[PDB]
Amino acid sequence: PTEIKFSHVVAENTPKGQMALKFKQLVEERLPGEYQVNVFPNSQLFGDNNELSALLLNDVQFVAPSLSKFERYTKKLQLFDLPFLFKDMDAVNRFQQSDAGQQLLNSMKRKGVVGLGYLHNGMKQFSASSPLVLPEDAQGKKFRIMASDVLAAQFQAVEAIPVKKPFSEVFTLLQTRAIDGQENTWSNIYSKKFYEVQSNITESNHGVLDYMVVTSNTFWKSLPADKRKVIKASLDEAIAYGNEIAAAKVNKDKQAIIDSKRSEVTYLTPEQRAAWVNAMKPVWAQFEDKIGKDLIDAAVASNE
């Protein structure tokens, strides 16, 4: 069988981990002996910094980076990093499924990247080794971020110190106290055991962590049209499965973290949330011209 590689950076028992395995299952059921999908979780094949290059060089055929990790290829996907842009995952999905959202799947074609679909994880929560209740609480604290200029600006807006590091490095940076805090979904916090070395988590819902599943023009064009259709169908179904898992993990992994008693979860009052919102609004102005105001207006409208 022709080998198709799918690489990613998360644990297996996560939305993206399960999406990738379901994709393998379906392709191999439908094209037995013709295509084999080998899945490489946990940055075993490629990590954050080199996966898109690998994709375009055809050393891997599918990857699904966070929407945050595409600045080299487009300035538009930075949209998804804007703090407090989407109220919740229902708004995210409405935006992604709309014409404005769907067009972004093609935003990188001129550099070789083909967008195949969105895949959910969830809303991001702040964590640290100390409480994060008001923006002032973040002052002077070092936070790991995904490699995103918008996320750097988010933390600079509250006088914190952002450091861009690949996902594979976060556990050790927290364990050694080389960083104070981070931001992520309950699924990543739980599956990577970040909560074991973060005494405090705030249910801030301050941004979205979702993915775009992508391939290269080279690989996608190389497939016969009939096989491409079967592979695309399998991917789409695997995405639906992954999204179901993402929605379940939000509740289940939050609960598991609380049950562990390792981390105190703080819930914000309306006045506290408003303070964070107000603090993180220089950020939108800084990036609106590059992202596109009309595109931001579309995303804002998904909250209605």
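Residue numbers run from 1 along the displayed sequence.
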### Summary
Higher avg CA temperature factor (243-251 vs 270-278, as deposited) belongs to 270-278
### Summary
For 125-133 versus 71-79, entry-based mean Cα B-factors point to 125-133
### Task
Just grab whichever of 191, 154, 234, 139 has the top CA B-factor as deposited.
139
### Task
By the entry's C-alpha temperature factors, tell me which of 176, 215, 182, 97 sits highest.
176
### Query
Ranked by Cα temperature factor within the chain, is residue 16 in the lowest third, the middle third or the highest third?
lowest
### Task
Could you look up the Cα B-factor of residue 171 in the entry and say which third of the chain it sits in: lowest, middle or highest?
middle
### Message
Using only modelled residues of the chain, where does the Cα B factor of residue 50 rank: lowest third, middle third or highest third?
### Response
middle
### Query
Split the chain's modelled residues into thirds by Cα B-factor; is residue 91 in the lowest, middle or highest one?
middle
### Message
What third of the chain does residue 211 rank in for C-alpha temperature factor, lowest, middle or highest?
### Response
lowest
